[PDB]
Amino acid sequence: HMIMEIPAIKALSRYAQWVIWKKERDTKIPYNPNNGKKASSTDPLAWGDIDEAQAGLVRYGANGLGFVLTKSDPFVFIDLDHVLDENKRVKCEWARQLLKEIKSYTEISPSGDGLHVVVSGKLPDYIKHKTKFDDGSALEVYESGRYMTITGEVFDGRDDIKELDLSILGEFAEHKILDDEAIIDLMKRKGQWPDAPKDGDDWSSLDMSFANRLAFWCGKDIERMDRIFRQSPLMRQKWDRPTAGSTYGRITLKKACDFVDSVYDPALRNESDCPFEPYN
């Protein structure tokens, strides 16, 4: 009764693309409002209308409402993280400047330190989805493929979705122009994916043990081992520090390729020829 008074929520309530979400440790997993199952962002019949989302919110005790964004709906979702201080005022200049150029429906995200802006328009095709900043804030832009939590906490009385040109987002987002994740999932299923270093562990000794495993699974493809290492819990700034005409990471990967003798062949699937045992 309270949130349906907002003009922007009425615009969103025309679409049967509503979900509910709940806190799993420190993530916001979306759920089907009708049966409580886990909701996909590509299955339309896993969603519901706003009345079903509000009923399921009470049925399963979820944390709040959500809205799945699709290519067909005219909405763009702008996510601004860690831009509000304790008093829920903007403390980041990039976020302040963005709100002055994109005056649409703005609400305070569930954690209270962020903002959501919902606009009607088209994203520029040359910007990254996520852009991080030095102070810790971030900017996520999505027009489809994922959902957004809905709180209804209107910020600065901006309670109406406007149709704005979004080419100005190029001033804030960074520009952008077997598979890697296939190898990662393979190593994870074999217990070859390391965990974050505990205190008292020799991190560089963990780097070499993991680089040794990468040399096998990646077939000693050093450019692939490097791309995978940067996504691993062992990545740090030392990986790119210069060390005697090279980087610590390049030297670590080249020593692993020399130390390791056998390789994993995707055609042969010689998973048993791995010389290293899984982690604990």
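For clarity, a rigid core is taken as the largest C-alpha set superposing within 1.5 Å between two forms. One rule holds for the numbers: they count along the sequence shown, beginning at 1.
Which of the two stretches, 109 to 117 or 181 to 189, moves more in 5 other deposited structures of this protein when the core is held fixed, judged by C-alpha RMS distance?
Comparing 181 to 189 with 109 to 117, the one that moves more in 5 other deposited structures of this protein is 181 to 189.
Positional deviation of Cα atoms in 5 other deposited structures of this protein after core superposition, greater for 165 to 173 or 200 to 208:
Once the core is superposed, the stretch further away in 5 other deposited structures of this protein is 200 to 208.
Unmodelled deposited residues between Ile177 and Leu178, binned:
In the deposited sequence, 10 or more residues between these two have no coordinates.
Of 196 to 204 and 98 to 106, which one has the bigger average CA B-factor?
Stretch with the higher mean C-alpha B-factor: 196 to 204.
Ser246, C-alpha B-factor rank within chain (lowest, middle or highest third)
It belongs to the lowest third of the chain when residues are ordered by C-alpha B-factor.
Quick one: classify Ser167 as lowest, middle or highest third of the chain based on its Cα B-factor.
According to the entry, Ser167 has a C-alpha B-factor in the chain's middle third.
Taking the C-alpha B-factors as the PDB entry records them, is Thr27 in the lowest, middle or highest third of its chain?
Within its chain, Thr27 is a highest-third residue by C-alpha B-factor, going by the deposited values.
Chain-wide C-alpha B factor ranking for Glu140, given as lowest, middle or highest third:
Lowest third of the chain for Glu140's C-alpha B-factor.
Quick check on the deposited entry: does the C-alpha B-factor of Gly61 sit in the lowest, middle or highest third of its chain?
Top third by C-alpha B-factor.
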